[PDB]
Amino acid sequence: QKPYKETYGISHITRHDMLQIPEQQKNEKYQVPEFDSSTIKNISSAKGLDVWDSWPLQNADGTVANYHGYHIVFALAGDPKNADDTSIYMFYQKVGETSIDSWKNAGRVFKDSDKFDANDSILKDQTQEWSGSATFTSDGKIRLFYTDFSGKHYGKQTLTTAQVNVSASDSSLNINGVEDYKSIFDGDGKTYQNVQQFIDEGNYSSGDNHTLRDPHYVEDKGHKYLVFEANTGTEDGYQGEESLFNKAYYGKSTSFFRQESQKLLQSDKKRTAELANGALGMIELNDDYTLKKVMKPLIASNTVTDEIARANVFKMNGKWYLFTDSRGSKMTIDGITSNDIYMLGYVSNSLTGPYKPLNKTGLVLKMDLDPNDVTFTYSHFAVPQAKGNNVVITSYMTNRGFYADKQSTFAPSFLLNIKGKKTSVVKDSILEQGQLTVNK
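In this text, residue positions in the sequence shown follow mature numbering (1 follows the signal peptide of the UniProt record, and there is no 0): the first is 5, and each later residue adds one.
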């Protein structure tokens, strides 16, 4: 194949930038701080469940919502013995509280019968509930977005919404049920890969990794959007052999492209690279949360990786910040190892871009602890704050199903300082397990 250059009008996580990270990540400014294992507790209200990917009920701008005097956190949870047992639970605390012990368990958001009652063809085939976001509407409603995963249809993932009906009293929150429970998006083939395209490759035995998940709600000028993990489609730079010859995915220069592409083509990562077409996608929603417009991706990770997760975007002090998590074990970059796990980050003057890398390369957080380490954290997420130069990094701690006595739990939160196009972890800024705000 002849070399070409095509950006598809979107931004790109380039090979050149990623290659800088292994030396850069030695700087403590970009490192998840070490945590103290003897302070770490299980979520007492979750009663022997693993509790992993979690997200706060947020206002439209991403700040933490106050629901009738409570903060609310949605989280994936299930039986540590069963890797395919995943549903969304709703935890809550009185505003002002900070201890992990303050988190009460309202139980599952959904009943098993809800997917059938929804009169929704895709939803009735769901087997697991995976990650997303939740916004607190202007009329006082809890509006959930999440990923409908279908195990029996080759891992189809569908962006899905529901309103969660919750009664509030002085002592408790109670889930009464849901409504407006519906599929919104399952890809379109041209902009974002769909499940049929995954099946076309031979599904799981192909080595391809199909994603359409982790929907994150955000507004700008009263328009409603989801930004989500996806993969590219046929018209915005698809996976394939020809993709490795696109200079846009390399960056730097033609000299770098020639050197790096010939190495990649000669390596045991050629096939992985060819399949790698991760994207942070975007759609606009209507005022009833249905699909208005499929929009071009904010960024893609062709050749680098097929998996950029926990999409997140918000405005802070006049700039827009875009984040995603990614595992070193699924990347194709010399010097990035299987221990390495990142939060990457990008900045724009506008919500819809273009986005350039934070800290020159995209690196914001690095976490490289052994999977066996009790203090291992994952699914890092920046929670914006009402004011100031800090956001709060939440994550889950402890790998699923690893220890009988220590379940996946809320990690100790910490602070990340953001100014202009640079970030740094705030020295000794470790907060309580699962703490969402600086203010108390």
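C-beta atoms are modelled at their ideal positions from N, C-alpha and C, and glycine is treated no differently.
Spatially closest choice to residue i from the options, by CA coordinates
i, options, result
"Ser154", "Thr215, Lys108, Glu183, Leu177", "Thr215"
"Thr238", "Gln24, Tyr12, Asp372, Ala110", "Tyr12"
"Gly282", "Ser42, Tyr71, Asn198", "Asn198"
"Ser399", "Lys160, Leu80, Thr294", "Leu80"
"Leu163", "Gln35, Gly349, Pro358, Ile287", "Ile287"
"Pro37", "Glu246, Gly73, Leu435, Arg275", "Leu435"
"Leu373", "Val113, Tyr346, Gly181", "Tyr346"
"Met299", "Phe95, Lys156, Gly193", "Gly193"
"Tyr8", "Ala252, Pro388, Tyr350, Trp134", "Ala252"
"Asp174", "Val99, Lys228, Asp377, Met371", "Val99"
"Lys145", "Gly159, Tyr158, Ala172", "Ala172"
"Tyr96", "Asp124, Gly73, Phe114, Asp310", "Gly73"
"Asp432", "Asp40, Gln29, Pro26", "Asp40"
"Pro375", "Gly357, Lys391, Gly392, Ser333", "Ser333"
"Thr139", "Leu61, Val395, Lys319", "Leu61"
"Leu177", "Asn363, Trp107, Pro358, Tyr350", "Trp107"
"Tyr221", "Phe380, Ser91, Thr141", "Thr141"
"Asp409", "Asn46, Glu10, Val113", "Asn46"
"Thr165", "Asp344, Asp291, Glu10", "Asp291"
"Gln389", "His20, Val68, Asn31, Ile17", "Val68"
"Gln161", "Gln132, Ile179, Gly255", "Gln132"
"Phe406", "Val378, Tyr382, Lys391", "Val378"
"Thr43", "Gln24, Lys6, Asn63, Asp105", "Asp105"
"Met320", "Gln5, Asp65, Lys119, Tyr158", "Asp65"
"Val396", "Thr309, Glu27, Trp59", "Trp59"
"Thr151", "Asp143, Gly136, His157", "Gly136"
"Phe120", "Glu233, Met94, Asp184", "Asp184"
"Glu27", "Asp344, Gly82, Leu295", "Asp344"
"residue 3", "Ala122, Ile76, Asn123", "Lying before the first or after the last residue shown, residue 3 is absent from the chain, which here runs from 5 to 444."
Whether residue i touches residue j by CB criterion (8 angstroms)
i, j, result
"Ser15", "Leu302", "yes"
"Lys370", "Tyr71", "no"
"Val429", "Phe418", "yes"
"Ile126", "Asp190", "yes"
"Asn421", "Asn393", "yes"
"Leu367", "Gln29", "yes"
"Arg314", "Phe385", "yes"
"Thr307", "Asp21", "no"
"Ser247", "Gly255", "no"
"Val351", "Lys425", "yes"
"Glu233", "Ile312", "yes"
Which residues DSSP lists as bridging residue i, in chain order
i, result
"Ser91", "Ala81"
"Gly349", "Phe327"
"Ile337", "Looking at the DSSP assignment, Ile337 forms no beta bridge with any residue, so it has no partner."
"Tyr208", "In DSSP, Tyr208 forms no bridge with anything."
"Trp59", "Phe78"
"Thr413", "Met401"
"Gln97", "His75"
"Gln35", "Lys370"
"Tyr382", "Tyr400"
"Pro361", "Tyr350"
"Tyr8", "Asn250"
"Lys108", "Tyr96"
"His16", "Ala304"
"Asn394", "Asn421"
"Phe406", "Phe406 is not bridged to any residue."
"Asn316", "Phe327"
Contact test: residue i Cβ vs the ligand PLP heavy atom, cutoff 7 angstroms
i, result
"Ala234", "Here there are no bound small molecules, and the ligand PLP is not part of this structure."
Chain D contact for residue i (CB, 8 angstroms cutoff)
i, result
"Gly332", "Absent from the structure: chain D. Only one protein chain is present."
What are the complete beta strand (DSSP E) segments, minimum 3 residues, inside the stretch 110-148? For the stretch 110-148, whole beta strand (DSSP E) runs of length 3 or above, ordered along the chain, are 132-140.
Do the stretch 203-213 and the stretch 40-52 touch if we need at least three Cβ pairs shorter than 8 angstroms? Using a C-beta cut-off of 8 angstroms, the stretch 203-213 makes no contact with the stretch 40-52, since fewer than three inter-stretch Cβ pairs fall below that distance.
With contact counted as at least three CB pairs below 8 angstroms, one residue from each stretch, are the stretch 313-333 and the stretch 258-267 in contact? Cβ pair count under 8 angstroms is below three, so no.
Could you name each continuous alpha helix (DSSP H) segment of 4 residues or more that falls completely within the stretch 142-227, going from the start of the chain to the end? Runs found: 199-204.
Could I get the ranges of all uninterrupted beta strand (DSSP E) runs contained in the stretch 227-310, with 3 residues as the minimum, in chain order? Counting only runs of 3 or more, we get 227-235, 282-289, 295-304.
Cβ pair count under 8 angstroms reaching 3, the stretch 215-234 against the stretch 266-274: The stretch 215-234 vs the stretch 266-274: no contact.
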